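Heads up: the structure comes next, in structure tokens.
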Protein chains: 2
Amino acid sequence: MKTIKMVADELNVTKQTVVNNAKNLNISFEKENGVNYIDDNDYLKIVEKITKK
Amino acid sequence: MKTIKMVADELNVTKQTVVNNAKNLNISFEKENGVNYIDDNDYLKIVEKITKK
DNA sequence: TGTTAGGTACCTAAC
DNA sequence: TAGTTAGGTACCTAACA
């Protein structure tokens, strides 16, 4: 439901920063018609990690 | 020898415009490492089509 | 161990 | 109908942290 860009802009980081933290958390994206989507559970965990640090 | 960026910088045109003219001219790039290269003969043809138009 | 900026490859909607 | 640009998508890494 959330794309990388949507997440990146809520957190005010670059898209690659979203991708870098998603890989630190060994989160994997769902690709639909070529575009990554972040599941709502994985979303929260990404924001928690970018927020704390 | 030439990358898409190099040619697009010479002609003061975007990279996709180089690619669009290359497909018009049935010009095949050579991809290595993950980077397209244009030989000088094909390179000569792209400048002709872009600068005449 | 981390961001960002700036590269690479592609695509298409709007002029 | 036939361009071009801008702005998206995916992915990578050097430089500065």
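Going by the structure tokens order, chains are called A, B, ..., each with residues numbered from 1, while ligands are numbered from 1 in the order shown.
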
What are the closest atom pairs, with distances in Å to one decimal, for all residues of chain C lying within 10 Å of chain A? Consider only C-alpha atoms (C1' of nucleotides), order rows by chain and residue number, and present the result as JSON lines.
```
{"residue": "C:2", "atom": "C1'", "partner": "A:17", "partner_atom": "CA", "distance": 8.8}
{"residue": "C:3", "atom": "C1'", "partner": "A:17", "partner_atom": "CA", "distance": 6.7}
{"residue": "C:4", "atom": "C1'", "partner": "A:14", "partner_atom": "CA", "distance": 7.3}
{"residue": "C:5", "atom": "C1'", "partner": "A:14", "partner_atom": "CA", "distance": 9.8}
```

Hey, can you spit out that residue selection with N, CA and C atoms (P, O5', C5', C4', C3', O3' and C1' of nucleotides) as a PDB file, in the first residue's frame?
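What follows is the written file again-v6.pdb:
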```pdb
ATOM      1  P    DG C   2      23.650   0.476   9.898  1.00  0.00           P
ATOM      2  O5'  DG C   2      23.627   1.954   9.312  1.00  0.00           O
ATOM      3  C5'  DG C   2      22.819   2.938   9.922  1.00  0.00           C
ATOM      4  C4'  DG C   2      23.010   4.271   9.237  1.00  0.00           C
ATOM      5  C3'  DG C   2      22.647   4.291   7.757  1.00  0.00           C
ATOM      6  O3'  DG C   2      21.192   4.472   7.503  1.00  0.00           O
ATOM      7  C1'  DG C   2      24.702   5.423   8.113  1.00  0.00           C
ATOM      8  P    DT C   3      20.311   5.629   8.206  1.00  0.00           P
ATOM      9  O5'  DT C   3      20.961   7.000   7.762  1.00  0.00           O
ATOM     10  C5'  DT C   3      20.942   7.317   6.451  1.00  0.00           C
ATOM     11  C4'  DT C   3      21.210   8.771   6.247  1.00  0.00           C
ATOM     12  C3'  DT C   3      20.500   9.262   5.006  1.00  0.00           C
ATOM     13  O3'  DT C   3      20.014  10.587   5.131  1.00  0.00           O
ATOM     14  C1'  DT C   3      22.879   9.140   4.615  1.00  0.00           C
ATOM     15  P    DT C   4      18.981  11.129   4.016  1.00  0.00           P
ATOM     16  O5'  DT C   4      19.945  11.872   2.991  1.00  0.00           O
ATOM     17  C5'  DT C   4      21.055  12.592   3.503  1.00  0.00           C
ATOM     18  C4'  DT C   4      21.945  13.061   2.382  1.00  0.00           C
ATOM     19  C3'  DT C   4      21.216  13.379   1.083  1.00  0.00           C
ATOM     20  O3'  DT C   4      21.674  14.624   0.601  1.00  0.00           O
ATOM     21  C1'  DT C   4      22.957  11.799   0.682  1.00  0.00           C
ATOM     22  P    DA C   5      20.911  15.386  -0.586  1.00  0.00           P
ATOM     23  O5'  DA C   5      22.009  15.382  -1.745  1.00  0.00           O
ATOM     24  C5'  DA C   5      23.379  15.174  -1.395  1.00  0.00           C
ATOM     25  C4'  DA C   5      24.225  14.973  -2.631  1.00  0.00           C
ATOM     26  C3'  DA C   5      23.554  15.389  -3.932  1.00  0.00           C
ATOM     27  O3'  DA C   5      24.508  16.038  -4.780  1.00  0.00           O
ATOM     28  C1'  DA C   5      24.019  13.033  -3.953  1.00  0.00           C
TER      29       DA C   5
END
```

Select, as a ChimeraX atom specification, those residues of chain D with any atom no more than 12 Å from chain B (distances computed using only C-alpha atoms (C1' of nucleotides)). /D:2-6,11-12

Please save N, CA and C atoms (P, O5', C5', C4', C3', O3' and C1' of nucleotides) of the selected residues as a PDB file, in the first residue's frame.
```
ATOM      1  P    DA D   2       4.304   9.075 -37.292  1.00  0.00           P
ATOM      2  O5'  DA D   2       5.474  10.024 -36.788  1.00  0.00           O
ATOM      3  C5'  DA D   2       5.674  11.277 -37.409  1.00  0.00           C
ATOM      4  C4'  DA D   2       6.634  12.108 -36.594  1.00  0.00           C
ATOM      5  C3'  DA D   2       7.681  11.298 -35.839  1.00  0.00           C
ATOM      6  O3'  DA D   2       8.930  11.969 -35.886  1.00  0.00           O
ATOM      7  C1'  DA D   2       6.334  12.514 -34.307  1.00  0.00           C
ATOM      8  P    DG D   3      10.089  11.643 -34.824  1.00  0.00           P
ATOM      9  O5'  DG D   3       9.577  12.379 -33.526  1.00  0.00           O
ATOM     10  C5'  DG D   3      10.397  12.501 -32.465  1.00  0.00           C
ATOM     11  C4'  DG D   3      10.800  13.934 -32.304  1.00  0.00           C
ATOM     12  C3'  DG D   3      11.704  14.130 -31.133  1.00  0.00           C
ATOM     13  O3'  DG D   3      12.628  15.132 -31.372  1.00  0.00           O
ATOM     14  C1'  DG D   3       9.501  14.971 -30.649  1.00  0.00           C
ATOM     15  P    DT D   4      13.956  15.067 -30.494  1.00  0.00           P
ATOM     16  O5'  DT D   4      13.519  15.746 -29.123  1.00  0.00           O
ATOM     17  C5'  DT D   4      13.075  17.094 -29.106  1.00  0.00           C
ATOM     18  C4'  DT D   4      12.729  17.486 -27.689  1.00  0.00           C
ATOM     19  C3'  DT D   4      13.674  16.903 -26.648  1.00  0.00           C
ATOM     20  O3'  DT D   4      14.403  17.986 -26.017  1.00  0.00           O
ATOM     21  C1'  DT D   4      11.347  16.559 -26.041  1.00  0.00           C
ATOM     22  P    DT D   5      15.296  17.752 -24.700  1.00  0.00           P
ATOM     23  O5'  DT D   5      14.247  17.969 -23.523  1.00  0.00           O
ATOM     24  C5'  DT D   5      13.413  19.111 -23.546  1.00  0.00           C
ATOM     25  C4'  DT D   5      12.510  19.113 -22.337  1.00  0.00           C
ATOM     26  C3'  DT D   5      13.218  18.777 -21.031  1.00  0.00           C
ATOM     27  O3'  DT D   5      12.898  19.751 -20.051  1.00  0.00           O
ATOM     28  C1'  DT D   5      11.337  17.339 -21.357  1.00  0.00           C
ATOM     29  P    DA D   6      13.602  19.716 -18.605  1.00  0.00           P
ATOM     30  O5'  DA D   6      12.475  19.076 -17.675  1.00  0.00           O
ATOM     31  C5'  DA D   6      11.117  19.422 -17.884  1.00  0.00           C
ATOM     32  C4'  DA D   6      10.217  18.681 -16.914  1.00  0.00           C
ATOM     33  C3'  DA D   6      10.827  18.408 -15.547  1.00  0.00           C
ATOM     34  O3'  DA D   6       9.839  18.619 -14.533  1.00  0.00           O
ATOM     35  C1'  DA D   6      10.294  16.342 -16.647  1.00  0.00           C
ATOM     36  P    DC D  11      14.702  -3.210  -7.229  1.00  0.00           P
ATOM     37  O5'  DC D  11      16.169  -2.558  -7.497  1.00  0.00           O
ATOM     38  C5'  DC D  11      17.099  -3.138  -8.446  1.00  0.00           C
ATOM     39  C4'  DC D  11      18.375  -2.282  -8.615  1.00  0.00           C
ATOM     40  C3'  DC D  11      19.305  -2.191  -7.395  1.00  0.00           C
ATOM     41  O3'  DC D  11      20.301  -3.206  -7.424  1.00  0.00           O
ATOM     42  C1'  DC D  11      19.225  -0.156  -8.716  1.00  0.00           C
ATOM     43  P    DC D  12      21.468  -3.239  -6.298  1.00  0.00           P
ATOM     44  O5'  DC D  12      22.531  -2.109  -6.732  1.00  0.00           O
ATOM     45  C5'  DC D  12      23.264  -2.195  -7.951  1.00  0.00           C
ATOM     46  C4'  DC D  12      24.275  -1.053  -8.037  1.00  0.00           C
ATOM     47  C3'  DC D  12      25.246  -0.970  -6.843  1.00  0.00           C
ATOM     48  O3'  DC D  12      26.592  -1.218  -7.251  1.00  0.00           O
ATOM     49  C1'  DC D  12      24.314   1.192  -7.361  1.00  0.00           C
TER      50       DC D  12
END
```

Problem - alpha helix (DSSP H) positions in chain A, given as a ChimeraX atom specification - result: /A:4-11,15-24,40-52

Residues from the last selection, C-alpha atoms, saved as an mmCIF file, in the first residue's frame:
```cif
data_model
loop_
_atom_site.group_PDB
_atom_site.id
_atom_site.type_symbol
_atom_site.label_atom_id
_atom_site.label_comp_id
_atom_site.auth_asym_id
_atom_site.auth_seq_id
_atom_site.Cartn_x
_atom_site.Cartn_y
_atom_site.Cartn_z
ATOM 1 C CA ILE A 4 9.207 3.661 -1.139
ATOM 2 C CA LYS A 5 8.712 7.291 -2.168
ATOM 3 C CA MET A 6 5.634 7.823 0.007
ATOM 4 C CA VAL A 7 7.557 6.413 2.989
ATOM 5 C CA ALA A 8 10.712 8.382 2.173
ATOM 6 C CA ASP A 9 8.790 11.648 2.127
ATOM 7 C CA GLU A 10 6.877 11.028 5.361
ATOM 8 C CA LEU A 11 10.262 10.485 7.043
ATOM 9 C CA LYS A 15 14.351 6.628 -1.208
ATOM 10 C CA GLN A 16 17.657 4.728 -0.931
ATOM 11 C CA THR A 17 17.614 5.359 2.825
ATOM 12 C CA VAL A 18 14.213 3.628 2.965
ATOM 13 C CA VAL A 19 15.679 0.743 0.961
ATOM 14 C CA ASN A 20 18.820 0.585 3.134
ATOM 15 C CA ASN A 21 16.840 0.281 6.363
ATOM 16 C CA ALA A 22 14.416 -2.230 4.855
ATOM 17 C CA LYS A 23 17.390 -4.457 4.071
ATOM 18 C CA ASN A 24 18.862 -3.990 7.581
ATOM 19 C CA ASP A 40 1.827 -1.949 6.666
ATOM 20 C CA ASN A 41 3.588 -4.049 9.314
ATOM 21 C CA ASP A 42 6.983 -3.636 7.632
ATOM 22 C CA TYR A 43 6.243 0.072 7.214
ATOM 23 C CA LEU A 44 5.909 0.669 10.959
ATOM 24 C CA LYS A 45 9.142 -1.202 11.658
ATOM 25 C CA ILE A 46 10.999 0.887 9.065
ATOM 26 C CA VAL A 47 9.810 4.173 10.578
ATOM 27 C CA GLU A 48 10.723 2.959 14.070
ATOM 28 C CA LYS A 49 14.301 2.312 12.941
ATOM 29 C CA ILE A 50 14.761 5.569 11.027
ATOM 30 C CA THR A 51 13.160 7.500 13.908
ATOM 31 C CA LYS A 52 15.150 6.134 16.840
#
```

What separates atom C1' of residue C:8 and atom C1' of residue D:9 is a distance of 13.3 Å

Chain B least-squares fitted onto chain A over all paired Cα atoms, as a PDB file with N, CA, C and O atoms, in the first residue's frame:
```
ATOM      1  N   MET B   1       0.525  -1.382   0.381  1.00  0.00           N
ATOM      2  CA  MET B   1      -0.156  -0.091   0.387  1.00  0.00           C
ATOM      3  C   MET B   1       0.813   1.065   0.129  1.00  0.00           C
ATOM      4  O   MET B   1       0.499   2.010  -0.597  1.00  0.00           O
ATOM      5  N   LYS B   2       1.998   0.994   0.724  1.00  0.00           N
ATOM      6  CA  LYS B   2       2.941   2.104   0.691  1.00  0.00           C
ATOM      7  C   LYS B   2       4.043   1.856  -0.330  1.00  0.00           C
ATOM      8  O   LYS B   2       4.549   0.735  -0.451  1.00  0.00           O
ATOM      9  N   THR B   3       4.408   2.907  -1.064  1.00  0.00           N
ATOM     10  CA  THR B   3       5.579   2.906  -1.934  1.00  0.00           C
ATOM     11  C   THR B   3       6.794   3.461  -1.193  1.00  0.00           C
ATOM     12  O   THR B   3       6.677   4.134  -0.167  1.00  0.00           O
ATOM     13  N   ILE B   4       7.977   3.166  -1.732  1.00  0.00           N
ATOM     14  CA  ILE B   4       9.214   3.661  -1.132  1.00  0.00           C
ATOM     15  C   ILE B   4       9.184   5.187  -1.031  1.00  0.00           C
ATOM     16  O   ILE B   4       9.513   5.761   0.019  1.00  0.00           O
ATOM     17  N   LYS B   5       8.706   5.849  -2.092  1.00  0.00           N
ATOM     18  CA  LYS B   5       8.628   7.312  -2.117  1.00  0.00           C
ATOM     19  C   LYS B   5       7.745   7.845  -1.005  1.00  0.00           C
ATOM     20  O   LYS B   5       8.102   8.815  -0.319  1.00  0.00           O
ATOM     21  N   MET B   6       6.552   7.270  -0.852  1.00  0.00           N
ATOM     22  CA  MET B   6       5.635   7.712   0.193  1.00  0.00           C
ATOM     23  C   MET B   6       6.300   7.669   1.563  1.00  0.00           C
ATOM     24  O   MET B   6       6.233   8.637   2.331  1.00  0.00           O
ATOM     25  N   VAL B   7       6.959   6.549   1.882  1.00  0.00           N
ATOM     26  CA  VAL B   7       7.612   6.421   3.184  1.00  0.00           C
ATOM     27  C   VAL B   7       8.757   7.417   3.304  1.00  0.00           C
ATOM     28  O   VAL B   7       8.916   8.082   4.337  1.00  0.00           O
ATOM     29  N   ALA B   8       9.564   7.542   2.246  1.00  0.00           N
ATOM     30  CA  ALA B   8      10.687   8.472   2.259  1.00  0.00           C
ATOM     31  C   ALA B   8      10.225   9.919   2.354  1.00  0.00           C
ATOM     32  O   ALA B   8      10.971  10.780   2.835  1.00  0.00           O
ATOM     33  N   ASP B   9       9.012  10.218   1.888  1.00  0.00           N
ATOM     34  CA  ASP B   9       8.491  11.570   2.046  1.00  0.00           C
ATOM     35  C   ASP B   9       8.043  11.818   3.484  1.00  0.00           C
ATOM     36  O   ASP B   9       8.249  12.910   4.028  1.00  0.00           O
ATOM     37  N   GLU B  10       7.439  10.810   4.119  1.00  0.00           N
ATOM     38  CA  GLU B  10       7.013  10.952   5.509  1.00  0.00           C
ATOM     39  C   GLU B  10       8.202  11.210   6.422  1.00  0.00           C
ATOM     40  O   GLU B  10       8.186  12.135   7.242  1.00  0.00           O
ATOM     41  N   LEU B  11       9.248  10.396   6.289  1.00  0.00           N
ATOM     42  CA  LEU B  11      10.407  10.465   7.166  1.00  0.00           C
ATOM     43  C   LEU B  11      11.370  11.573   6.782  1.00  0.00           C
ATOM     44  O   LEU B  11      12.310  11.842   7.533  1.00  0.00           O
ATOM     45  N   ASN B  12      11.140  12.229   5.650  1.00  0.00           N
ATOM     46  CA  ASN B  12      12.031  13.259   5.130  1.00  0.00           C
ATOM     47  C   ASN B  12      13.438  12.699   4.969  1.00  0.00           C
ATOM     48  O   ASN B  12      14.424  13.219   5.500  1.00  0.00           O
ATOM     49  N   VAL B  13      13.511  11.622   4.196  1.00  0.00           N
ATOM     50  CA  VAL B  13      14.723  10.859   3.964  1.00  0.00           C
ATOM     51  C   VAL B  13      14.710  10.441   2.495  1.00  0.00           C
ATOM     52  O   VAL B  13      13.669  10.468   1.841  1.00  0.00           O
ATOM     53  N   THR B  14      15.878  10.091   1.949  1.00  0.00           N
ATOM     54  CA  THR B  14      15.880   9.668   0.549  1.00  0.00           C
ATOM     55  C   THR B  14      15.327   8.251   0.414  1.00  0.00           C
ATOM     56  O   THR B  14      15.265   7.485   1.389  1.00  0.00           O
ATOM     57  N   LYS B  15      14.912   7.924  -0.819  1.00  0.00           N
ATOM     58  CA  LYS B  15      14.356   6.612  -1.144  1.00  0.00           C
ATOM     59  C   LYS B  15      15.356   5.487  -0.885  1.00  0.00           C
ATOM     60  O   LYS B  15      14.976   4.389  -0.467  1.00  0.00           O
ATOM     61  N   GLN B  16      16.625   5.699  -1.243  1.00  0.00           N
ATOM     62  CA  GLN B  16      17.631   4.674  -0.983  1.00  0.00           C
ATOM     63  C   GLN B  16      17.803   4.444   0.518  1.00  0.00           C
ATOM     64  O   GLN B  16      18.149   3.336   0.946  1.00  0.00           O
ATOM     65  N   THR B  17      17.552   5.465   1.335  1.00  0.00           N
ATOM     66  CA  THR B  17      17.652   5.258   2.776  1.00  0.00           C
ATOM     67  C   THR B  17      16.534   4.350   3.265  1.00  0.00           C
ATOM     68  O   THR B  17      16.764   3.474   4.107  1.00  0.00           O
ATOM     69  N   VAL B  18      15.330   4.501   2.709  1.00  0.00           N
ATOM     70  CA  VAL B  18      14.263   3.558   3.031  1.00  0.00           C
ATOM     71  C   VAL B  18      14.697   2.143   2.671  1.00  0.00           C
ATOM     72  O   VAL B  18      14.588   1.214   3.483  1.00  0.00           O
ATOM     73  N   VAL B  19      15.222   1.971   1.457  1.00  0.00           N
ATOM     74  CA  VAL B  19      15.663   0.655   1.004  1.00  0.00           C
ATOM     75  C   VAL B  19      16.798   0.129   1.888  1.00  0.00           C
ATOM     76  O   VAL B  19      16.830  -1.060   2.231  1.00  0.00           O
ATOM     77  N   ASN B  20      17.730   0.998   2.290  1.00  0.00           N
ATOM     78  CA  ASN B  20      18.837   0.536   3.137  1.00  0.00           C
ATOM     79  C   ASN B  20      18.332   0.033   4.486  1.00  0.00           C
ATOM     80  O   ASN B  20      18.783  -1.006   4.983  1.00  0.00           O
ATOM     81  N   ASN B  21      17.390   0.756   5.094  1.00  0.00           N
ATOM     82  CA  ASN B  21      16.830   0.287   6.357  1.00  0.00           C
ATOM     83  C   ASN B  21      15.975  -0.958   6.178  1.00  0.00           C
ATOM     84  O   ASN B  21      15.939  -1.808   7.074  1.00  0.00           O
ATOM     85  N   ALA B  22      15.290  -1.090   5.037  1.00  0.00           N
ATOM     86  CA  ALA B  22      14.495  -2.288   4.801  1.00  0.00           C
ATOM     87  C   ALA B  22      15.379  -3.528   4.709  1.00  0.00           C
ATOM     88  O   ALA B  22      15.025  -4.587   5.239  1.00  0.00           O
ATOM     89  N   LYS B  23      16.532  -3.424   4.044  1.00  0.00           N
ATOM     90  CA  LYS B  23      17.422  -4.578   3.982  1.00  0.00           C
ATOM     91  C   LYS B  23      18.008  -4.904   5.355  1.00  0.00           C
ATOM     92  O   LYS B  23      18.099  -6.081   5.724  1.00  0.00           O
ATOM     93  N   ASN B  24      18.362  -3.876   6.140  1.00  0.00           N
ATOM     94  CA  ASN B  24      18.827  -4.092   7.510  1.00  0.00           C
ATOM     95  C   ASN B  24      17.830  -4.913   8.317  1.00  0.00           C
ATOM     96  O   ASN B  24      18.219  -5.775   9.106  1.00  0.00           O
ATOM     97  N   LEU B  25      16.542  -4.657   8.137  1.00  0.00           N
ATOM     98  CA  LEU B  25      15.485  -5.308   8.897  1.00  0.00           C
ATOM     99  C   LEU B  25      14.988  -6.598   8.251  1.00  0.00           C
ATOM    100  O   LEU B  25      13.971  -7.143   8.696  1.00  0.00           O
ATOM    101  N   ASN B  26      15.677  -7.095   7.224  1.00  0.00           N
ATOM    102  CA  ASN B  26      15.227  -8.255   6.451  1.00  0.00           C
ATOM    103  C   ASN B  26      13.751  -8.133   6.074  1.00  0.00           C
ATOM    104  O   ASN B  26      12.934  -9.021   6.320  1.00  0.00           O
ATOM    105  N   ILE B  27      13.416  -7.005   5.461  1.00  0.00           N
ATOM    106  CA  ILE B  27      12.071  -6.722   4.986  1.00  0.00           C
ATOM    107  C   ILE B  27      12.049  -6.918   3.478  1.00  0.00           C
ATOM    108  O   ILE B  27      12.872  -6.339   2.766  1.00  0.00           O
ATOM    109  N   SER B  28      11.122  -7.742   2.998  1.00  0.00           N
ATOM    110  CA  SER B  28      10.980  -8.022   1.573  1.00  0.00           C
ATOM    111  C   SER B  28       9.870  -7.145   1.008  1.00  0.00           C
ATOM    112  O   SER B  28       8.759  -7.121   1.550  1.00  0.00           O
ATOM    113  N   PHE B  29      10.172  -6.416  -0.062  1.00  0.00           N
ATOM    114  CA  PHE B  29       9.114  -5.670  -0.720  1.00  0.00           C
ATOM    115  C   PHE B  29       8.258  -6.598  -1.575  1.00  0.00           C
ATOM    116  O   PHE B  29       8.636  -7.725  -1.898  1.00  0.00           O
ATOM    117  N   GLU B  30       7.077  -6.116  -1.920  1.00  0.00           N
ATOM    118  CA  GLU B  30       6.228  -6.772  -2.899  1.00  0.00           C
ATOM    119  C   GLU B  30       6.272  -5.915  -4.155  1.00  0.00           C
ATOM    120  O   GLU B  30       5.910  -4.734  -4.116  1.00  0.00           O
ATOM    121  N   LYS B  31       6.762  -6.480  -5.249  1.00  0.00           N
ATOM    122  CA  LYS B  31       6.872  -5.728  -6.493  1.00  0.00           C
ATOM    123  C   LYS B  31       5.758  -6.150  -7.441  1.00  0.00           C
ATOM    124  O   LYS B  31       5.525  -7.345  -7.650  1.00  0.00           O
ATOM    125  N   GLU B  32       5.047  -5.161  -7.969  1.00  0.00           N
ATOM    126  CA  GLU B  32       3.990  -5.348  -8.949  1.00  0.00           C
ATOM    127  C   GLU B  32       4.111  -4.226  -9.966  1.00  0.00           C
ATOM    128  O   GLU B  32       4.417  -3.093  -9.591  1.00  0.00           O
ATOM    129  N   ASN B  33       3.941  -4.550 -11.254  1.00  0.00           N
ATOM    130  CA  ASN B  33       3.868  -3.551 -12.319  1.00  0.00           C
ATOM    131  C   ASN B  33       5.268  -2.987 -12.560  1.00  0.00           C
ATOM    132  O   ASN B  33       5.544  -2.396 -13.609  1.00  0.00           O
ATOM    133  N   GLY B  34       6.194  -3.305 -11.676  1.00  0.00           N
ATOM    134  CA  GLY B  34       7.467  -2.645 -11.637  1.00  0.00           C
ATOM    135  C   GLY B  34       7.597  -1.643 -10.510  1.00  0.00           C
ATOM    136  O   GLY B  34       8.453  -0.750 -10.601  1.00  0.00           O
ATOM    137  N   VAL B  35       6.771  -1.745  -9.467  1.00  0.00           N
ATOM    138  CA  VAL B  35       6.800  -0.815  -8.343  1.00  0.00           C
ATOM    139  C   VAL B  35       6.810  -1.597  -7.037  1.00  0.00           C
ATOM    140  O   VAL B  35       5.947  -2.462  -6.815  1.00  0.00           O
ATOM    141  N   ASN B  36       7.763  -1.293  -6.161  1.00  0.00           N
ATOM    142  CA  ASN B  36       7.812  -1.913  -4.841  1.00  0.00           C
ATOM    143  C   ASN B  36       6.729  -1.342  -3.942  1.00  0.00           C
ATOM    144  O   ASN B  36       6.507  -0.126  -3.915  1.00  0.00           O
ATOM    145  N   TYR B  37       6.101  -2.231  -3.167  1.00  0.00           N
ATOM    146  CA  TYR B  37       5.131  -1.877  -2.150  1.00  0.00           C
ATOM    147  C   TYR B  37       5.583  -2.441  -0.815  1.00  0.00           C
ATOM    148  O   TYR B  37       6.210  -3.501  -0.747  1.00  0.00           O
ATOM    149  N   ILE B  38       5.271  -1.704   0.246  1.00  0.00           N
ATOM    150  CA  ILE B  38       5.597  -2.083   1.616  1.00  0.00           C
ATOM    151  C   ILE B  38       4.291  -2.228   2.378  1.00  0.00           C
ATOM    152  O   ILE B  38       3.492  -1.286   2.420  1.00  0.00           O
ATOM    153  N   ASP B  39       4.063  -3.399   2.967  1.00  0.00           N
ATOM    154  CA  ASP B  39       2.882  -3.543   3.811  1.00  0.00           C
ATOM    155  C   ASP B  39       3.055  -2.730   5.093  1.00  0.00           C
ATOM    156  O   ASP B  39       4.163  -2.336   5.465  1.00  0.00           O
ATOM    157  N   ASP B  40       1.934  -2.485   5.778  1.00  0.00           N
ATOM    158  CA  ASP B  40       1.949  -1.531   6.885  1.00  0.00           C
ATOM    159  C   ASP B  40       2.760  -2.029   8.080  1.00  0.00           C
ATOM    160  O   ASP B  40       3.363  -1.215   8.788  1.00  0.00           O
ATOM    161  N   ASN B  41       2.789  -3.342   8.325  1.00  0.00           N
ATOM    162  CA  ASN B  41       3.584  -3.868   9.434  1.00  0.00           C
ATOM    163  C   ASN B  41       5.070  -3.624   9.207  1.00  0.00           C
ATOM    164  O   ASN B  41       5.764  -3.085  10.079  1.00  0.00           O
ATOM    165  N   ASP B  42       5.581  -4.040   8.043  1.00  0.00           N
ATOM    166  CA  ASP B  42       6.941  -3.673   7.660  1.00  0.00           C
ATOM    167  C   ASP B  42       7.109  -2.163   7.654  1.00  0.00           C
ATOM    168  O   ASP B  42       8.152  -1.643   8.063  1.00  0.00           O
ATOM    169  N   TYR B  43       6.087  -1.442   7.201  1.00  0.00           N
ATOM    170  CA  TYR B  43       6.163   0.012   7.210  1.00  0.00           C
ATOM    171  C   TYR B  43       6.334   0.544   8.627  1.00  0.00           C
ATOM    172  O   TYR B  43       7.110   1.478   8.863  1.00  0.00           O
ATOM    173  N   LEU B  44       5.619  -0.039   9.587  1.00  0.00           N
ATOM    174  CA  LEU B  44       5.779   0.399  10.968  1.00  0.00           C
ATOM    175  C   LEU B  44       7.203   0.160  11.459  1.00  0.00           C
ATOM    176  O   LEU B  44       7.778   1.006  12.147  1.00  0.00           O
ATOM    177  N   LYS B  45       7.815  -0.960  11.072  1.00  0.00           N
ATOM    178  CA  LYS B  45       9.174  -1.237  11.532  1.00  0.00           C
ATOM    179  C   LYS B  45      10.189  -0.256  10.944  1.00  0.00           C
ATOM    180  O   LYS B  45      11.134   0.148  11.632  1.00  0.00           O
ATOM    181  N   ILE B  46      10.016   0.156   9.685  1.00  0.00           N
ATOM    182  CA  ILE B  46      11.020   1.041   9.096  1.00  0.00           C
ATOM    183  C   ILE B  46      11.006   2.400   9.782  1.00  0.00           C
ATOM    184  O   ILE B  46      12.069   2.973  10.064  1.00  0.00           O
ATOM    185  N   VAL B  47       9.824   2.931  10.104  1.00  0.00           N
ATOM    186  CA  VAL B  47       9.777   4.236  10.759  1.00  0.00           C
ATOM    187  C   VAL B  47      10.480   4.178  12.112  1.00  0.00           C
ATOM    188  O   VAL B  47      11.164   5.132  12.511  1.00  0.00           O
ATOM    189  N   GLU B  48      10.341   3.052  12.828  1.00  0.00           N
ATOM    190  CA  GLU B  48      10.978   2.916  14.139  1.00  0.00           C
ATOM    191  C   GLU B  48      12.495   2.996  14.022  1.00  0.00           C
ATOM    192  O   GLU B  48      13.152   3.727  14.773  1.00  0.00           O
ATOM    193  N   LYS B  49      13.076   2.241  13.082  1.00  0.00           N
ATOM    194  CA  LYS B  49      14.527   2.239  12.961  1.00  0.00           C
ATOM    195  C   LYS B  49      15.053   3.590  12.497  1.00  0.00           C
ATOM    196  O   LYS B  49      16.100   4.038  12.978  1.00  0.00           O
ATOM    197  N   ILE B  50      14.333   4.268  11.596  1.00  0.00           N
ATOM    198  CA  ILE B  50      14.832   5.538  11.077  1.00  0.00           C
ATOM    199  C   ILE B  50      14.678   6.655  12.102  1.00  0.00           C
ATOM    200  O   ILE B  50      15.601   7.455  12.299  1.00  0.00           O
ATOM    201  N   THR B  51      13.536   6.721  12.797  1.00  0.00           N
ATOM    202  CA  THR B  51      13.312   7.857  13.688  1.00  0.00           C
ATOM    203  C   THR B  51      14.065   7.727  15.009  1.00  0.00           C
ATOM    204  O   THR B  51      14.358   8.747  15.643  1.00  0.00           O
ATOM    205  N   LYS B  52      14.381   6.505  15.449  1.00  0.00           N
ATOM    206  CA  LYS B  52      15.204   6.356  16.650  1.00  0.00           C
ATOM    207  C   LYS B  52      16.636   6.796  16.377  1.00  0.00           C
ATOM    208  O   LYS B  52      17.237   7.527  17.172  1.00  0.00           O
ATOM    209  N   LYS B  53      17.192   6.356  15.253  1.00  0.00           N
ATOM    210  CA  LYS B  53      18.485   6.826  14.780  1.00  0.00           C
ATOM    211  C   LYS B  53      18.374   8.225  14.168  1.00  0.00           C
ATOM    212  O   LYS B  53      19.083   8.546  13.216  1.00  0.00           O
TER     213      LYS B  53
END
```

Exercise for the section: Pull the strand (DSSP E) assignments for chain A out of DSSP run on the backbone, and list those residues as a ChimeraX atom specification. Expected result: /A:30-32,35-37

Would you save the residues of that selection, restricted to N, CA and C atoms, as a short mmCIF file (atom, residue, chain, number, x, y, z; two decimals), in the first residue's frame?
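The resulting file, again.cif, is shown below:
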```cif
data_model
loop_
_atom_site.label_atom_id
_atom_site.label_comp_id
_atom_site.auth_asym_id
_atom_site.auth_seq_id
_atom_site.Cartn_x
_atom_site.Cartn_y
_atom_site.Cartn_z
N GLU A 30 6.93 -6.18 -1.82
CA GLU A 30 6.07 -6.77 -2.84
C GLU A 30 6.08 -5.87 -4.07
N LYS A 31 6.41 -6.44 -5.23
CA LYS A 31 6.51 -5.70 -6.48
C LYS A 31 5.25 -5.92 -7.30
N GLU A 32 4.58 -4.83 -7.65
CA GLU A 32 3.37 -4.88 -8.47
C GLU A 32 3.60 -3.96 -9.66
N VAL A 35 6.76 -1.80 -9.38
CA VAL A 35 7.00 -0.83 -8.31
C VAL A 35 6.89 -1.51 -6.94
N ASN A 36 7.89 -1.26 -6.09
CA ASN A 36 7.89 -1.85 -4.76
C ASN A 36 6.75 -1.29 -3.93
N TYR A 37 6.12 -2.16 -3.13
CA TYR A 37 5.16 -1.78 -2.10
C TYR A 37 5.57 -2.34 -0.75
#
```
